[PDB]
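Quick heads-up: it's one chain on its own, the form deposited in one PDB entry, in structure tokens.
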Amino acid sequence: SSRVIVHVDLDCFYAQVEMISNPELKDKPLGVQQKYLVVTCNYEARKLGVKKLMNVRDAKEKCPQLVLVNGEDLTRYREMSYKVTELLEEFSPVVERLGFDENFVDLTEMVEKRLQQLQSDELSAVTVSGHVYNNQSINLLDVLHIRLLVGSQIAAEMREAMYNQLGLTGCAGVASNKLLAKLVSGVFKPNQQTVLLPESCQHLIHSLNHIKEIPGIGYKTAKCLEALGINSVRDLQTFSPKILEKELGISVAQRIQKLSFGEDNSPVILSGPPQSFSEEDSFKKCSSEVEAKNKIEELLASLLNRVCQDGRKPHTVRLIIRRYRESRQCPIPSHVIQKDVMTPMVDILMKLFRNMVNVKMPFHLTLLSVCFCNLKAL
């Protein structure tokens, strides 16, 4: 059962949202700042030299006409994120989320229908929407191709409906699994879509340069492979299965090797509603017992907001700390579920804290987070 998956990726998301909010900013170049960095910006300002993830001063010097904006309150982005996800669900119910600006959709069933509904005669021109990866020749006689071309049209449709109705632009990659879909989706940016035919699969993995470029292989797994002298995607393709299992575990080994061939059988998971809420906060110095108290209050303060609105309730709370991450958690008592409600929580959160960190001694940390998970019904 060959699948058709689509990966959707919004162009410079925060930027887009900001612009869609303050139209005056269409004309102007724009950057979104978190702490003293620039986390993303519209294209009008990537041309003036502004690289994503660059300090806000180099930014200003390199580009003086730059209109900055604060993107530390993730609230407008997160609402837009779900407006997008809901739009896409209205196409097919099975939509997986990846951060705020990515979505996976399984179009296998949807492509099925549209095909059957095709009178033989009209089996052309059929056509393709957007780019075909690596300019590959289409073979209308190959069902696999045909189902991917239909996947391209549904994607073009989704992208139209995102623009109309939400005012957002973005790219789409349509492939036979999530891996290839995500990889081929950025081959043409911004605001364009590419489809990957099967016979160009190998061209696409090898186009990659560092092995960490593949989704799934990350910082910790890369370094492991590096120290094994695995740097190219072909290195990994050709390496000893056995030695890899031995050095990575039989679970991780099998999967990432398949990855390096472009093989990915992981299904698209239906995300549904968020299963957690959390406010992170890292900082220069924190070294008493209070000031964690102040922090935990603020964090709690902001989180509470979102919980009041979500609907369902958290039956578990936890405390996270990256020291000099660790966590402790415990169920949230029956009474307190009455969305005042602060002091009891912070008493628990502190109880948590205390058992984890010795207050009768110095610590200093850099990171405090509070998380609400385990929400019913579930």
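Start at 1 and count along the sequence shown; that's the residue number. Rigid core (definition): largest C-alpha set, two forms, superposition within 1.5 Å.
Participant: Is it the case that at least a third of the other compared entries omit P362, given both of its neighbours are modelled there?
Facilitator: Missing in at least a third of the others, so yes.
Participant: Between us, would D27 come up missing in a third or more of the other compared entries?
Facilitator: No; none of the other entries leave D27 out.
Participant: With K51 and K52 adjacent in the shown sequence, let me know how many deposited residues between them lack coordinates: none, 1 to 3, 4 to 9, or 10 or more.
Facilitator: Nothing is missing between them.
Participant: Going by the mean C-alpha B-factor recorded in the entry, which is higher: 65 to 73 or 305 to 313?
Facilitator: According to the entry, 305 to 313 carries the higher average C-alpha B-factor.
Participant: So which stretch wins on mean C-alpha B-factor, 359 to 367 or 10 to 18?
Facilitator: Comparing 359 to 367 with 10 to 18, the higher mean C-alpha B-factor belongs to 359 to 367.
Participant: Compare the CA B factors listed in the entry for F100, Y163, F283, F91 and report the winner.
Facilitator: That would be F283, according to the entry.
Participant: Among the choices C330, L319, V336, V38, identify the one whose CA B-factor in the record is greatest.
Facilitator: In the PDB entry, the greatest C-alpha B-factor among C330, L319, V336, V38 is found at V336.
Participant: Which third of the chain does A377 land in by C-alpha B-factor: lowest, middle or highest?
Facilitator: For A377, the deposited C-alpha B-factor lands in the highest third.
Participant: Test of reading the entry: by CA B factor among the chain's modelled residues, which third contains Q254?
Facilitator: Tercile = middle for this residue's CA B-factor.
Participant: Using the B-factor values recorded in the entry, state whether the Cα atom of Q275 falls in the lowest, middle or highest third among the modelled residues of its chain.
Facilitator: It falls in the middle third of the chain.
Participant: Name the third of the chain's ranked CA B-factors that contains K242, choosing lowest, middle or highest.
Facilitator: Within its chain, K242 is a middle-third residue by C-alpha B-factor, going by the deposited values.
Participant: Can you work out whether the C-alpha temperature factor of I296 puts it in the lowest, middle or highest third of the chain?
Facilitator: For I296, the deposited C-alpha B-factor lands in the highest third.
One more form of this protein exists, namely the form deposited in another entry; it is left out here, but the text below deals with it.
Participant: Which is the one residue in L270, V290, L74, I250 whose C-alpha moves 2 Å or more between this form and the one not shown, relative to the superposed rigid core?
Facilitator: With the rigid core fitted, the residue that moves is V290.
Participant: Please say whether, between this form and the one not shown, the C-alpha of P331 moves by 2 Å or more once the core is aligned.
Facilitator: No; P331 is a residue whose C-alpha shifts by less than 2 Å between this form and the one not shown when the cores are overlaid.
Participant: When you overlay the rigid core, is the Cα of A59 off by 2 Å or more between this form and the one not shown?
Facilitator: Comparing the forms between this form and the one not shown, which are aligned on their rigid core, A59 does shift its C-alpha by 2 Å or more.
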